[PDB]
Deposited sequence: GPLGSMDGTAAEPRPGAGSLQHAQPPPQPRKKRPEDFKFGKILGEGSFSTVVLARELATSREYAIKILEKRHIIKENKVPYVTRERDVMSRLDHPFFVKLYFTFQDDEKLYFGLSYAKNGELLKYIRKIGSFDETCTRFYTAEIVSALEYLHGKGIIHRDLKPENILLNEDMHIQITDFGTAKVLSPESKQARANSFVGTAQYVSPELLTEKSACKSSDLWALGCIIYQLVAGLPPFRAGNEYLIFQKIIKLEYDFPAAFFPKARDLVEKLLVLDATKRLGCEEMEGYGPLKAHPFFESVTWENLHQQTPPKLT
């Protein structure tokens, strides 16, 4: 049974959807956690506060090596506290910024872990809706840990959530999001690992939505050819035609794409990740 003073609170790690996430070390153990802090004053009708407003949440307990996990809960007079996994190596976006772009072996390995993670998440009937490199964290061992910041939803129009660069055309034009929306976001992320920047770029968010809906993007000359082929099979306007979706026979043909030829799917979490250089 813990409380605020078993901990030293340190740097802010993230924010959003009514809460702050703070690095904290447990004094007895020296162990480090990311503590989501939520002010009780925020818990009202006009607000959708994540994880608290939900009758049923099966996300709270999500427990898989490629996702952030919940370790403990406690409260004080004004706030609630949720002890989450701390991903010591920060955001994948930070490595894309540091090294400019990833080589093919690193793109293949990290893309396969995101695919693996998605397969699991979608098999649990959950969709993320805001998948992007800022939400793909790296633990101390350099494996991914995906985080939700309030957009993930159990499948039982849809809320206008997400980040403009990664949002699907079906969310924009049909108000709908499905498993296949996170597969569109996976195509933007693969592009961004290879090219160094995401594929839909424009002067403002409205202009970026216009490029998404028209499929206006291009590949640099050096983009790895099998990766270009995979991205072309994910960035398809018709959501029922993306590789990986149920109507395309599911995750088997996505994992069987030539870009993943030397991948061993079964044990990615037990493989030593390639050095990022």
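According to the record, no C-alpha positions are given for deposited positions 1 to 30, 187 to 193, numbered from 1.
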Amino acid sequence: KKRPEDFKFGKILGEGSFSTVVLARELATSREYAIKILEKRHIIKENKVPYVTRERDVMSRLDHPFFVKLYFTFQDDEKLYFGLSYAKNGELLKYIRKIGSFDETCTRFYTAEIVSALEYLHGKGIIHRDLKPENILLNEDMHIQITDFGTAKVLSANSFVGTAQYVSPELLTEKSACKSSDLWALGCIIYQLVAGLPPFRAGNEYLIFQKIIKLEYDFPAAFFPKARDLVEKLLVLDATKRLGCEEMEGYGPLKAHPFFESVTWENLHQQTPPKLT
From here on, numbers count along this sequence of modelled residues.
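In this entry, 65 to 73 shows the higher mean Cα temperature factor of the pair 65 to 73 and 227 to 235. Legend: mean Cα B-factor per stretch from the PDB entry, 170 to 178 versus 75 to 83; the higher mean is in 75 to 83. Looking at the C-alpha B-factors along this chain, the one for residue 243 belongs to the middle third. Ranked by C-alpha B-factor against the other modelled residues of its chain, residue 51 falls in the highest third. Among the modelled residues of its chain, residue 126 has a C-alpha B-factor that falls in the middle third, as given in the PDB entry. Sorting the modelled residues of the chain by their CA temperature factor places residue 158 in the highest third.
In the deposited entry, the Cα temperature factor of residue 251 sits in the middle third of values across the chain's modelled residues.
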